[PDB]
Protein chains: 2
Amino acid sequence: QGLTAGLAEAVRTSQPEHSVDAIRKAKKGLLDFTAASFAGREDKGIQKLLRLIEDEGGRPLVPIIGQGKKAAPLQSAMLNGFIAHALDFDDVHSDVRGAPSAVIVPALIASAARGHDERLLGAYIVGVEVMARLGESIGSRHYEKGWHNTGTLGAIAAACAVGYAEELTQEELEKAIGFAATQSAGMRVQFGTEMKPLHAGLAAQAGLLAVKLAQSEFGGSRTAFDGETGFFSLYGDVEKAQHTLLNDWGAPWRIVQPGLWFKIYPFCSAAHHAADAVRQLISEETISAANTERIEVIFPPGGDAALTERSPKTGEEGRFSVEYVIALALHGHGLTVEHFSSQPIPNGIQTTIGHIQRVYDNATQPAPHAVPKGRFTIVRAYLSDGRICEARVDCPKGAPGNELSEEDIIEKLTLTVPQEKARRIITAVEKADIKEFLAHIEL
Amino acid sequence: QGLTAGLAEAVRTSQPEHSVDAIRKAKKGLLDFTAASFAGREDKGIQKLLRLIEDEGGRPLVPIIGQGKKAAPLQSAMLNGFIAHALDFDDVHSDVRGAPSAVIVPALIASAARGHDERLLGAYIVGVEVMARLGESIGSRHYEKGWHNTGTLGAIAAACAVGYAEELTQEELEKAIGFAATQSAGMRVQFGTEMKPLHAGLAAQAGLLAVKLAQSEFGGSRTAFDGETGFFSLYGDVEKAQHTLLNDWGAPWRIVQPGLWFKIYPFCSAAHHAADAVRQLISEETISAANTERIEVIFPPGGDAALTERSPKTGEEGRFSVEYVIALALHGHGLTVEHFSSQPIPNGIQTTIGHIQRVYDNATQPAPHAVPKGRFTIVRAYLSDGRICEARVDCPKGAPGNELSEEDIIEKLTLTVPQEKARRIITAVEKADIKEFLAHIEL
């Protein structure tokens, strides 16, 4: 049995419902995805895309999250993927190195709006399983050469999730895997632009199209993962994939271990340790931009690799700047969506940014529960008369092992909607009333 | 100036309408594209795709070629690309190593149906220019590794063609090139299945979407070709592209030199030399399956690399079998569409296929006008009493240097429609009346 047949069989025969922890995590994931999508409802990229699909037309079958209208299934996957990822507020996963729920859930919403809604939660677990294993199996050179995992691995994962939901046969799933793989694309050159979140929607759409082609009895390869010209030889490390892709499937489910991380801050996950730490310092020591001479932010080597902006000019660039995150808090502002938009960063905050330096500590031992593994951040403030104070975070709030409370979840949802609406959404998800959930997310 | 800006400026400032030869060739390409699309109008894959887009819905704005209906622009590009390529009867180009008009013309038909129809012919010339230069520039490893040029280079070529048609600015076109590159995909593992022709439509669709994103002021990289993680570093040979992509732009246009090849046979171009040669022997020497003991087919080394089926079982597999092509003619059958379908090959022809062998001649010098350069085929037939006869072809009928006559083009067009219908289409194209052309090709 080759890799294509092996993944199709693993997907097809999955029993995610037997895992209480995975079902619980999928319910929390739907809620975080919803809260992230709602929080971006005013993004001006959304209306650009709405005007595009309204010019094309389509049957109003699937809700466009937070936008108060419906569109065709394939269109909704593209729109809802963009909406969920537009703010960098959506979830992350250490194996995926991408935007798992922003790809998978839009595909499943389109599927569930047309039936099989009772299989949505299991399909979500299975979709996360696939995308985590693809991220592990493709090899580190994939991302390093310039491919964007969210796009290149998201289409296959979305196709597998929808393929589970709609109970595709072994043959149909093998073909859909190949229909997704033959569309897989996405370049990291698009980072810093709204094309980066659109990759999530284009992957969801390609994966849904892959399933619809298989259900149409469209012809296709059943072995697209296999051979010298198969997906892993072409895009990654086929020898790694042969050892990792299927090993120990669903035991444990990757949505639980290492687990999805649900963000409390709308910016790069790698800055969340510093954000927690500086808020701790501000609370316990009453430091501020006025009484702080400078800041040192201490990472293990490579811990800040994703934080590519040392001198951001806009809140959007500041999503990837530990300097901006810390200065914003020091100037008394909340670490909230309104401060990470394309608007320019004020001069007062840029001045403070100039007093924040990063340093690297290869001796300090990361905590056994650190997330991601090996990660920490120490924030050290220098005060008047030579005083210093320090705070350290190893497992940020929202990461596995320091998970969001129900109150955190509803607070993320009520950024946009009233408390009673958020309560009704959570109740629908808790009871796995997917039809009611779909009706709620439209506004 | 980087490669992205260089290509965008070359495309944007092109003046193809000043080349009488390129315009004449573009008109002939439209007619061959139409003839190939019409010849495939009964293909069952078309009905699978029609049901798919009918379930999605969309505004009926653009004709589905030969299908008597209209669909939304992005849907029409997907459908019309599949239709044009479904029979392997559509054109080829030595630089592209792919299906140039099956990608470019559907994108332009969707554009022209919504305006700027008066720029379609120049845009077609420009799109062929890009796809040819992409195929020359990407390097030979691209195809060898398993990528399908039609899909991976077609999206960018379609974006540039439509970007020319719709008069995008420098910045809009730089972004559209990147929007297409970040969607570029397509795997040769799909060869032998109807997913292979769908690559042409998905590439056309991706290039049209790229232009519509740019026109919507969607944000994106303006440098997707450039640098260590740019398109050529990621998928090919950036050092080669730096030397070849923009050299001698439009002088002469690639659509003329080396030029598009319009097929007289509905199967792989690499078997056309043998098809011409065996028809010469049947005509001049009256050889037949009955009076030939066996056949030797002589290629230069590598000349038959695309003809991967030595023992085909269906007419579809026989499109890539020099043995079937020769055996079919020897049995007195026309080298026509009806003999290259998925229906099984009769036992009598399979027996003749077993008496046809390929041999390789590294010494014979290909003719200077051979198409592709360096290619020939000799067919040698063995008759009773030790007699032999031989015929050699280097430049098959329909290739540049051995071009189709006016009667040939009419004949290909009337496979499916009356003489009057084909004449109305030819007159519309000769007058560059694209609106009238679009009206006539819907049926």
# chains A, B, ... in the order shown; residues from 1 in each chain; ligands from 1

call {"tool": "interface_residues", "arguments": {"of": "chain A", "to": "chain B", "cutoff": "7 Å", "atoms": "only C-alpha atoms", "output": "VMD selection string"}}
result
chain A and resid 45 48 56 to 59 72 to 73 145 to 146 182 to 187 189 to 190 193 to 195 216 218 to 221 224 229 to 230 234

call {"tool": "write_last_selection", "arguments": {"atoms": "C-alpha atoms", "output": "PDB file, in the first residue's frame"}}
result
ATOM      1  CA  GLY A  45     -10.295  43.163   2.066  1.00  0.00           C
ATOM      2  CA  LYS A  48     -13.145  43.640  -2.195  1.00  0.00           C
ATOM      3  CA  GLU A  56     -19.563  36.353 -10.675  1.00  0.00           C
ATOM      4  CA  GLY A  57     -22.852  35.359  -9.061  1.00  0.00           C
ATOM      5  CA  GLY A  58     -23.763  32.128  -7.343  1.00  0.00           C
ATOM      6  CA  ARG A  59     -26.484  30.407  -5.405  1.00  0.00           C
ATOM      7  CA  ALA A  72     -22.081  29.520  -3.402  1.00  0.00           C
ATOM      8  CA  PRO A  73     -20.157  26.751  -1.592  1.00  0.00           C
ATOM      9  CA  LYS A 145      12.554  27.381   0.082  1.00  0.00           C
ATOM     10  CA  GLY A 146       9.566  29.759   0.133  1.00  0.00           C
ATOM     11  CA  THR A 182      -2.425  19.027  -8.089  1.00  0.00           C
ATOM     12  CA  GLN A 183      -3.782  22.468  -7.055  1.00  0.00           C
ATOM     13  CA  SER A 184      -1.516  22.978  -4.046  1.00  0.00           C
ATOM     14  CA  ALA A 185       0.358  26.280  -4.133  1.00  0.00           C
ATOM     15  CA  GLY A 186       1.218  29.366  -2.133  1.00  0.00           C
ATOM     16  CA  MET A 187       4.326  31.517  -1.795  1.00  0.00           C
ATOM     17  CA  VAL A 189       6.559  36.232  -0.823  1.00  0.00           C
ATOM     18  CA  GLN A 190       2.917  37.207  -0.134  1.00  0.00           C
ATOM     19  CA  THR A 193      -0.147  41.474   2.318  1.00  0.00           C
ATOM     20  CA  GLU A 194      -3.755  40.429   2.324  1.00  0.00           C
ATOM     21  CA  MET A 195      -2.898  37.726  -0.216  1.00  0.00           C
ATOM     22  CA  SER A 216     -18.726  13.817  -9.954  1.00  0.00           C
ATOM     23  CA  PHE A 218     -14.169  12.899 -12.564  1.00  0.00           C
ATOM     24  CA  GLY A 219     -11.064  10.998 -13.607  1.00  0.00           C
ATOM     25  CA  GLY A 220      -7.809  11.436 -11.712  1.00  0.00           C
ATOM     26  CA  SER A 221      -4.695   9.775 -10.372  1.00  0.00           C
ATOM     27  CA  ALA A 224      -0.563  11.354  -6.335  1.00  0.00           C
ATOM     28  CA  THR A 229       7.074  12.529  -9.211  1.00  0.00           C
ATOM     29  CA  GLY A 230       4.545  12.297  -6.372  1.00  0.00           C
ATOM     30  CA  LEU A 234       8.046  17.289  -5.744  1.00  0.00           C
TER      31      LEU A 234
END

call {"tool": "residues_around", "arguments": {"residues": "stretch 282-293 of chain A", "least_positions_apart": "5", "cutoff": "6 Å", "atoms": "only C-alpha atoms", "output": "count of residues only"}}
result
4

call {"tool": "residues_around", "arguments": {"residues": "residue A:410", "least_positions_apart": "6", "cutoff": "12 Å", "atoms": "only C-alpha atoms", "output": "count of residues only"}}
result
20

call {"tool": "select_by_dssp", "arguments": {"residues": "stretch 224-405 of chain A", "states": "strand (DSSP E)", "output": "VMD selection string"}}
result
chain A and resid 294 to 299 356 to 360 377 to 382 388 to 393

call {"tool": "closest_residue", "arguments": {"among": "B:23, B:378, B:92, B:7", "to": "residue B:133", "atoms": "only C-alpha atoms"}}
result
B:7

call {"tool": "residues_around", "arguments": {"residues": "residue A:69", "least_positions_apart": "4", "cutoff": "9 Å", "atoms": "only C-alpha atoms", "output": "ChimeraX atom specification"}}
result
/A:60,62-65,442-443

call {"tool": "write_last_selection", "arguments": {"atoms": "C-alpha atoms", "output": "PDB file, in the first residue's frame"}}
result
ATOM      1  CA  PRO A  60     -26.882  31.825  -1.855  1.00  0.00           C
ATOM      2  CA  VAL A  62     -23.576  29.084   2.503  1.00  0.00           C
ATOM      3  CA  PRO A  63     -23.193  31.890   5.070  1.00  0.00           C
ATOM      4  CA  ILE A  64     -20.349  34.353   4.664  1.00  0.00           C
ATOM      5  CA  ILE A  65     -19.226  34.563   8.290  1.00  0.00           C
ATOM      6  CA  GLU A 442     -24.020  34.692   9.385  1.00  0.00           C
ATOM      7  CA  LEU A 443     -24.104  37.728  11.664  1.00  0.00           C
TER       8      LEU A 443
END

call {"tool": "closest_residue", "arguments": {"among": "B:110, B:275, B:306, B:367", "to": "residue B:325", "atoms": "only C-alpha atoms"}}
result
B:275

call {"tool": "residues_around", "arguments": {"residues": "residue A:311", "least_positions_apart": "2", "cutoff": "9 Å", "atoms": "only C-alpha atoms", "output": "PyMOL selection string"}}
result
chain A and resi 309+313+317-318+321+323-324+350+353-354

call {"tool": "write_last_selection", "arguments": {"atoms": "N, CA, C and O atoms", "output": "tab-separated table (two decimals), in the first residue's frame"}}
result
chain	number	residue	atom	x	y	z
A	309	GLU	N	9.77	41.96	12.04
A	309	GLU	CA	9.75	43.42	12.03
A	309	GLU	C	10.38	43.98	13.31
A	309	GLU	O	9.78	43.94	14.38
A	313	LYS	N	6.26	50.08	10.79
A	313	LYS	CA	5.71	51.40	10.53
A	313	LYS	C	4.20	51.47	10.69
A	313	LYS	O	3.66	52.57	10.84
A	317	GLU	N	2.30	45.71	10.31
A	317	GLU	CA	3.69	45.28	10.47
A	317	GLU	C	3.99	44.99	11.93
A	317	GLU	O	4.77	44.07	12.23
A	318	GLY	N	3.37	45.74	12.84
A	318	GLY	CA	3.58	45.54	14.26
A	318	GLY	C	3.09	44.20	14.78
A	318	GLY	O	3.47	43.81	15.89
A	321	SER	N	6.25	42.32	15.40
A	321	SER	CA	7.27	43.11	16.10
A	321	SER	C	7.06	42.96	17.60
A	321	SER	O	6.07	43.46	18.14
A	323	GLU	N	8.87	44.52	19.59
A	323	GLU	CA	9.10	45.90	20.03
A	323	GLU	C	7.80	46.68	20.09
A	323	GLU	O	7.51	47.38	21.08
A	324	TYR	N	6.99	46.58	19.04
A	324	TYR	CA	5.72	47.30	19.02
A	324	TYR	C	4.77	46.78	20.08
A	324	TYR	O	4.08	47.57	20.74
A	350	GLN	N	6.91	54.92	18.19
A	350	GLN	CA	8.14	54.59	17.48
A	350	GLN	C	9.38	54.97	18.30
A	350	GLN	O	10.38	54.24	18.28
A	353	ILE	N	9.83	52.23	20.73
A	353	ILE	CA	10.33	51.06	20.01
A	353	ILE	C	11.85	51.11	19.91
A	353	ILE	O	12.53	50.09	20.04
A	354	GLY	N	12.40	52.31	19.71
A	354	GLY	CA	13.85	52.46	19.61
A	354	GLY	C	14.60	52.14	20.88
A	354	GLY	O	15.83	52.02	20.84

call {"tool": "residues_around", "arguments": {"residues": "residue A:176", "least_positions_apart": "4", "cutoff": "6 Å", "atoms": "only C-alpha atoms", "output": "VMD selection string"}}
result
chain A and resid 210 to 211 214

call {"tool": "atom_distance", "arguments": {"atom1": "atom CA of residue A:326", "atom2": "atom CA of residue A:278"}}
result
6.5 Å

call {"tool": "closest_residue", "arguments": {"among": "B:412, B:97, B:333, B:387", "to": "residue B:270", "atoms": "only C-alpha atoms"}}
result
B:97

call {"tool": "atom_distance", "arguments": {"atom1": "atom CA of residue B:103", "atom2": "atom CA of residue B:246"}}
result
21.2 Å

call {"tool": "closest_residue", "arguments": {"among": "B:238, B:22, B:328, B:388", "to": "residue B:134", "atoms": "only C-alpha atoms"}}
result
B:238

call {"tool": "select_by_dssp", "arguments": {"residues": "stretch 228-427 of chain A", "states": "alpha helix (DSSP H)", "output": "NGL selection string"}}
result
:A and (231-235 or 238-244 or 272-285 or 315-318 or 322-330 or 347-353 or 406-413 or 419-427)

call {"tool": "atom_distance", "arguments": {"atom1": "atom CA of residue A:273", "atom2": "atom CA of residue A:394"}}
result
6.5 Å

call {"tool": "closest_residue", "arguments": {"among": "A:355, A:319, A:440, A:435", "to": "residue A:339", "atoms": "only C-alpha atoms"}}
result
A:319
